[PDB]
Amino acid sequence: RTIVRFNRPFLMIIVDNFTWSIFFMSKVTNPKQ
Amino acid sequence: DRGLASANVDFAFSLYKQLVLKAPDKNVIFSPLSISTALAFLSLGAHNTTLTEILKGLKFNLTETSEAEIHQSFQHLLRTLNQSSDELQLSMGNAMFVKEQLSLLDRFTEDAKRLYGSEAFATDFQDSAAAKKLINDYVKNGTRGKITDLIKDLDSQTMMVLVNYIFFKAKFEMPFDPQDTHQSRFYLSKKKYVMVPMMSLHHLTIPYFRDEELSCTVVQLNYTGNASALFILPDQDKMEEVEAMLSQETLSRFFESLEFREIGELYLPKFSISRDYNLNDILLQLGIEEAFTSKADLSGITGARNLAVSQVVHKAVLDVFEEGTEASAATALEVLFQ
Ligand SMILES: COc1cccc2c1C(=O)c1c(O)c3c(c(O)c1C2=O)C[C@@](O)(C(=O)CO)C[C@@H]3O[C@H]1C[C@H](N)[C@H](O)[C@H](C)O1
């Protein structure tokens, strides 16, 4: 019954699970093209 | 090396905060690893204050690891990361583009190849158009076409350019079904909203954490192949407040606090964003100063203090879609004579 709705600004961090490297970090404040 | 992991994350959050200062309401996308690696590559040639300012700016403690161990750590990390499967694609490369007649120390070119995988390409920078094509082509090849114009302007007196690129392409463990993608509101602010393509998944168990004290929700979406995406969703009007709490310590708390929880619905925009940056102001603010002035000591490159950094540029792209994610970035350090 829990809902998670990315309909407002959010962060996204892309990581390597073994080395804990942050490949990319992103803030999405406006996804529209 | 746990030291390298920690320094790289501390640097990532420090960089992030300064990128946001530039334009605190703009999309941000960058690869901290690409920038860390490029600057560690530069430091292979640096001595004295120029060297300690770079390594300190990168958030290493020289008291706990030597220069030699920092470079060995990057070598090890570069070898561990470069990966390819029908599951996941991950490429990182380093190169130097150097004026043909410039005499480089053998120790530098040996080290650069052995530790950072870097070739040396002879480049006629006085033919600016040809030199930009050579560098941009290298990056386009390395990023499988995703970044093609890293270098826009290039001083015809340039002596060398150090380049790093990263390429990433992965499939979600639990991919979204395109039939469940529908245009939905995205709230740029409480009062401003646009319609975007919104992907959805129903009834999924994923790692989850509600941070009441920071007013944010955290979820992890795995990729096939041992990468993953951590998503942080501030409550409305709380993004600035969450950004003020970011740090290696908070990220650790996030990961450790994650628990598997059944989720009824997850909605996530399908999107593609790009940013490019000049990093000179940020590096200067982060304490990397002497490399930009006539006090620069890059004498590990040539055998004299005859080079200084002129321009640091970064470009990065992020594509998120039902099947997975593609992301690429590159960093170039442009060097003039002195
Ligand atoms: C200073 O901490 C970090 C700093 C930067 C990056 C990182 C981390 C970090 O701590 C971290 C992790 O702890 C974990 C992972 C990780 O990528 C990072 C970083 O990247 C990957 C992981 O979630 C998976 O393998 C999922 O597939 C395992 C692990 O999570 C831990 C805690 C979870 N609650 C659960 O117990 C999981 C199995 O182990």
# chains A, B, ... in the order shown; residues from 1 in each chain; ligands from 1
$ select_by_dssp --residues "segment 147-230 of chain B" --states "strand (DSSP E)" --output "number ranges by chain"
B: 158-171, 182-187, 193-211, 216-222, 227-230
$ interface_residues --of "chain B" --to "chain A" --cutoff "8 Å" --atoms "only C-alpha atoms" --output "PyMOL selection string"
chain B and resi 5+8-9+12+16+25-34+77+185-189+194-196+226-234+236+239+262-273+327
$ closest_atom_pairs --of "chain B" --to "ligand 1" --cutoff "10 Å" --atoms "only C-alpha atoms and all ligand atoms" --output "JSON lines"
{"residue": "B:2", "atom": "CA", "partner": "ligand 1", "partner_atom_place_in_ligand_line": "1 (C)", "distance": 9.5}
{"residue": "B:5", "atom": "CA", "partner": "ligand 1", "partner_atom_place_in_ligand_line": "5 (C)", "distance": 7.0}
{"residue": "B:6", "atom": "CA", "partner": "ligand 1", "partner_atom_place_in_ligand_line": "4 (C)", "distance": 6.8}
{"residue": "B:7", "atom": "CA", "partner": "ligand 1", "partner_atom_place_in_ligand_line": "5 (C)", "distance": 9.8}
{"residue": "B:8", "atom": "CA", "partner": "ligand 1", "partner_atom_place_in_ligand_line": "5 (C)", "distance": 8.5}
{"residue": "B:9", "atom": "CA", "partner": "ligand 1", "partner_atom_place_in_ligand_line": "5 (C)", "distance": 5.8}
{"residue": "B:10", "atom": "CA", "partner": "ligand 1", "partner_atom_place_in_ligand_line": "5 (C)", "distance": 8.8}
{"residue": "B:12", "atom": "CA", "partner": "ligand 1", "partner_atom_place_in_ligand_line": "5 (C)", "distance": 9.6}
{"residue": "B:206", "atom": "CA", "partner": "ligand 1", "partner_atom_place_in_ligand_line": "26 (C)", "distance": 9.8}
{"residue": "B:207", "atom": "CA", "partner": "ligand 1", "partner_atom_place_in_ligand_line": "34 (N)", "distance": 7.3}
{"residue": "B:208", "atom": "CA", "partner": "ligand 1", "partner_atom_place_in_ligand_line": "34 (N)", "distance": 8.7}
{"residue": "B:209", "atom": "CA", "partner": "ligand 1", "partner_atom_place_in_ligand_line": "34 (N)", "distance": 9.2}
{"residue": "B:220", "atom": "CA", "partner": "ligand 1", "partner_atom_place_in_ligand_line": "23 (O)", "distance": 7.6}
{"residue": "B:221", "atom": "CA", "partner": "ligand 1", "partner_atom_place_in_ligand_line": "27 (O)", "distance": 8.3}
{"residue": "B:222", "atom": "CA", "partner": "ligand 1", "partner_atom_place_in_ligand_line": "27 (O)", "distance": 5.9}
{"residue": "B:223", "atom": "CA", "partner": "ligand 1", "partner_atom_place_in_ligand_line": "27 (O)", "distance": 8.1}
{"residue": "B:224", "atom": "CA", "partner": "ligand 1", "partner_atom_place_in_ligand_line": "27 (O)", "distance": 9.3}
{"residue": "B:225", "atom": "CA", "partner": "ligand 1", "partner_atom_place_in_ligand_line": "27 (O)", "distance": 9.2}
{"residue": "B:226", "atom": "CA", "partner": "ligand 1", "partner_atom_place_in_ligand_line": "27 (O)", "distance": 6.2}
{"residue": "B:227", "atom": "CA", "partner": "ligand 1", "partner_atom_place_in_ligand_line": "27 (O)", "distance": 7.0}
{"residue": "B:228", "atom": "CA", "partner": "ligand 1", "partner_atom_place_in_ligand_line": "27 (O)", "distance": 6.4}
{"residue": "B:229", "atom": "CA", "partner": "ligand 1", "partner_atom_place_in_ligand_line": "17 (O)", "distance": 8.3}
{"residue": "B:230", "atom": "CA", "partner": "ligand 1", "partner_atom_place_in_ligand_line": "17 (O)", "distance": 8.3}
{"residue": "B:247", "atom": "CA", "partner": "ligand 1", "partner_atom_place_in_ligand_line": "4 (C)", "distance": 9.1}
{"residue": "B:248", "atom": "CA", "partner": "ligand 1", "partner_atom_place_in_ligand_line": "1 (C)", "distance": 5.6}
{"residue": "B:249", "atom": "CA", "partner": "ligand 1", "partner_atom_place_in_ligand_line": "1 (C)", "distance": 6.3}
{"residue": "B:250", "atom": "CA", "partner": "ligand 1", "partner_atom_place_in_ligand_line": "1 (C)", "distance": 8.1}
{"residue": "B:251", "atom": "CA", "partner": "ligand 1", "partner_atom_place_in_ligand_line": "4 (C)", "distance": 5.9}
{"residue": "B:252", "atom": "CA", "partner": "ligand 1", "partner_atom_place_in_ligand_line": "2 (O)", "distance": 3.7}
{"residue": "B:253", "atom": "CA", "partner": "ligand 1", "partner_atom_place_in_ligand_line": "2 (O)", "distance": 7.4}
{"residue": "B:254", "atom": "CA", "partner": "ligand 1", "partner_atom_place_in_ligand_line": "10 (O)", "distance": 8.0}
{"residue": "B:255", "atom": "CA", "partner": "ligand 1", "partner_atom_place_in_ligand_line": "32 (C)", "distance": 4.9}
{"residue": "B:256", "atom": "CA", "partner": "ligand 1", "partner_atom_place_in_ligand_line": "32 (C)", "distance": 4.0}
{"residue": "B:257", "atom": "CA", "partner": "ligand 1", "partner_atom_place_in_ligand_line": "34 (N)", "distance": 5.4}
{"residue": "B:258", "atom": "CA", "partner": "ligand 1", "partner_atom_place_in_ligand_line": "34 (N)", "distance": 4.3}
{"residue": "B:259", "atom": "CA", "partner": "ligand 1", "partner_atom_place_in_ligand_line": "34 (N)", "distance": 5.6}
{"residue": "B:260", "atom": "CA", "partner": "ligand 1", "partner_atom_place_in_ligand_line": "34 (N)", "distance": 8.2}
$ write_last_selection --atoms "N, CA, C and O atoms" --output "short mmCIF file (atom, residue, chain, number, x, y, z; two decimals), in the first residue's frame"
data_model
loop_
_atom_site.label_atom_id
_atom_site.label_comp_id
_atom_site.auth_asym_id
_atom_site.auth_seq_id
_atom_site.Cartn_x
_atom_site.Cartn_y
_atom_site.Cartn_z
N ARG B 2 39.52 1.06 0.52
CA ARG B 2 38.45 1.82 1.15
C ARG B 2 38.79 3.30 1.22
O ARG B 2 37.88 4.16 1.21
N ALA B 5 37.64 4.81 -2.17
CA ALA B 5 36.18 4.92 -2.20
C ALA B 5 35.72 6.14 -1.42
O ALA B 5 34.89 6.92 -1.90
N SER B 6 36.29 6.34 -0.23
CA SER B 6 35.86 7.42 0.65
C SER B 6 36.23 8.78 0.07
O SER B 6 35.41 9.72 0.09
N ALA B 7 37.47 8.93 -0.41
CA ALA B 7 37.88 10.22 -0.96
C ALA B 7 37.03 10.57 -2.15
O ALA B 7 36.55 11.69 -2.27
N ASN B 8 36.80 9.59 -3.03
CA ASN B 8 36.00 9.85 -4.23
C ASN B 8 34.58 10.28 -3.87
O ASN B 8 34.01 11.10 -4.58
N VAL B 9 33.97 9.68 -2.84
CA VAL B 9 32.60 10.10 -2.47
C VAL B 9 32.61 11.49 -1.83
O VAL B 9 31.69 12.28 -2.06
N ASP B 10 33.58 11.78 -0.96
CA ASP B 10 33.67 13.11 -0.38
C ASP B 10 33.82 14.17 -1.46
O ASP B 10 33.22 15.25 -1.41
N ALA B 12 32.79 13.85 -4.52
CA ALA B 12 31.58 13.91 -5.31
C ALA B 12 30.61 14.88 -4.66
O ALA B 12 30.04 15.73 -5.34
N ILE B 206 11.56 -3.72 -3.11
CA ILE B 206 12.87 -3.10 -3.34
C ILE B 206 13.33 -2.48 -2.04
O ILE B 206 12.54 -2.29 -1.10
N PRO B 207 14.62 -2.16 -1.93
CA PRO B 207 15.09 -1.50 -0.70
C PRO B 207 14.52 -0.09 -0.59
O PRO B 207 14.42 0.64 -1.58
N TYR B 208 14.08 0.26 0.64
CA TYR B 208 13.26 1.44 0.90
C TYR B 208 13.64 2.09 2.23
O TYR B 208 13.94 1.40 3.20
N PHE B 209 13.62 3.41 2.28
CA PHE B 209 13.87 4.08 3.56
C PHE B 209 13.17 5.43 3.55
O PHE B 209 13.35 6.21 2.62
N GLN B 220 16.20 2.06 -3.90
CA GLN B 220 17.30 1.53 -4.70
C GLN B 220 16.71 0.66 -5.82
O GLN B 220 15.91 -0.24 -5.55
N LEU B 221 17.06 0.97 -7.06
CA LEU B 221 16.70 0.14 -8.20
C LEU B 221 17.98 -0.54 -8.72
O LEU B 221 18.93 0.15 -9.11
N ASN B 222 18.01 -1.87 -8.71
CA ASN B 222 19.22 -2.57 -9.15
C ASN B 222 19.28 -2.62 -10.67
O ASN B 222 18.26 -2.65 -11.37
N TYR B 223 20.51 -2.65 -11.18
CA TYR B 223 20.75 -3.03 -12.55
C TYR B 223 21.21 -4.48 -12.56
O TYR B 223 21.74 -4.99 -11.57
N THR B 224 20.95 -5.16 -13.66
CA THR B 224 21.61 -6.45 -13.85
C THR B 224 23.10 -6.20 -14.05
O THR B 224 23.48 -5.41 -14.91
N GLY B 225 23.93 -6.82 -13.24
CA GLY B 225 25.35 -6.66 -13.37
C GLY B 225 26.02 -5.85 -12.30
O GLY B 225 27.10 -5.30 -12.54
N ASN B 226 25.41 -5.75 -11.13
CA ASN B 226 26.10 -5.26 -9.95
C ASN B 226 26.37 -3.76 -9.99
O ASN B 226 27.35 -3.27 -9.42
N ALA B 227 25.53 -3.03 -10.69
CA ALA B 227 25.41 -1.60 -10.45
C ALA B 227 24.00 -1.36 -9.95
O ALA B 227 23.12 -2.22 -10.06
N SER B 228 23.79 -0.18 -9.38
CA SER B 228 22.44 0.17 -8.97
C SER B 228 22.30 1.67 -8.94
O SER B 228 23.29 2.42 -9.00
N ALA B 229 21.04 2.11 -8.88
CA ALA B 229 20.69 3.52 -8.79
C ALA B 229 20.00 3.76 -7.45
O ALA B 229 19.00 3.11 -7.13
N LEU B 230 20.54 4.69 -6.67
CA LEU B 230 19.88 5.14 -5.45
C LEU B 230 19.13 6.42 -5.80
O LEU B 230 19.72 7.36 -6.36
N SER B 247 26.21 14.26 2.23
CA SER B 247 27.57 14.01 2.67
C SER B 247 27.79 12.53 2.56
O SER B 247 26.83 11.75 2.49
N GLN B 248 29.06 12.12 2.62
CA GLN B 248 29.33 10.69 2.67
C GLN B 248 28.60 10.05 3.84
O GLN B 248 28.05 8.96 3.73
N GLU B 249 28.53 10.77 4.97
CA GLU B 249 27.91 10.19 6.15
C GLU B 249 26.41 9.97 5.92
O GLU B 249 25.85 8.91 6.24
N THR B 250 25.73 10.98 5.39
CA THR B 250 24.32 10.79 5.07
C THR B 250 24.09 9.69 4.03
O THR B 250 23.14 8.90 4.12
N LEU B 251 24.94 9.61 2.99
CA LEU B 251 24.72 8.55 2.02
C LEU B 251 24.87 7.18 2.68
O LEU B 251 24.07 6.28 2.43
N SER B 252 25.91 7.02 3.51
CA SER B 252 26.06 5.77 4.25
C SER B 252 24.82 5.45 5.07
O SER B 252 24.30 4.32 5.02
N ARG B 253 24.31 6.45 5.81
CA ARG B 253 23.10 6.24 6.59
C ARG B 253 21.96 5.80 5.70
O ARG B 253 21.23 4.85 6.02
N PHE B 254 21.81 6.46 4.54
CA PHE B 254 20.81 6.02 3.58
C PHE B 254 20.96 4.54 3.26
O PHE B 254 20.02 3.76 3.43
N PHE B 255 22.14 4.12 2.77
CA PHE B 255 22.29 2.73 2.35
C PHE B 255 22.01 1.76 3.50
O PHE B 255 21.31 0.76 3.33
N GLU B 256 22.60 2.03 4.67
CA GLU B 256 22.47 1.12 5.80
C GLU B 256 21.04 1.07 6.31
O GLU B 256 20.58 0.01 6.74
N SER B 257 20.31 2.19 6.22
CA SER B 257 18.92 2.27 6.64
C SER B 257 17.94 1.66 5.64
O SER B 257 16.77 1.49 5.98
N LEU B 258 18.38 1.32 4.43
CA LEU B 258 17.47 0.70 3.49
C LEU B 258 17.01 -0.66 4.01
O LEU B 258 17.81 -1.44 4.54
N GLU B 259 15.72 -0.94 3.83
CA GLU B 259 15.14 -2.24 4.11
C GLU B 259 14.23 -2.63 2.96
O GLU B 259 13.63 -1.79 2.30
N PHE B 260 14.15 -3.93 2.72
CA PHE B 260 13.20 -4.40 1.72
C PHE B 260 11.78 -4.15 2.20
O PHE B 260 11.44 -4.48 3.34
#
$ atom_distance --atom1 "atom CA of residue 290 of chain B" --atom2 "atom CA of residue 48 of chain B"
10.0 Å
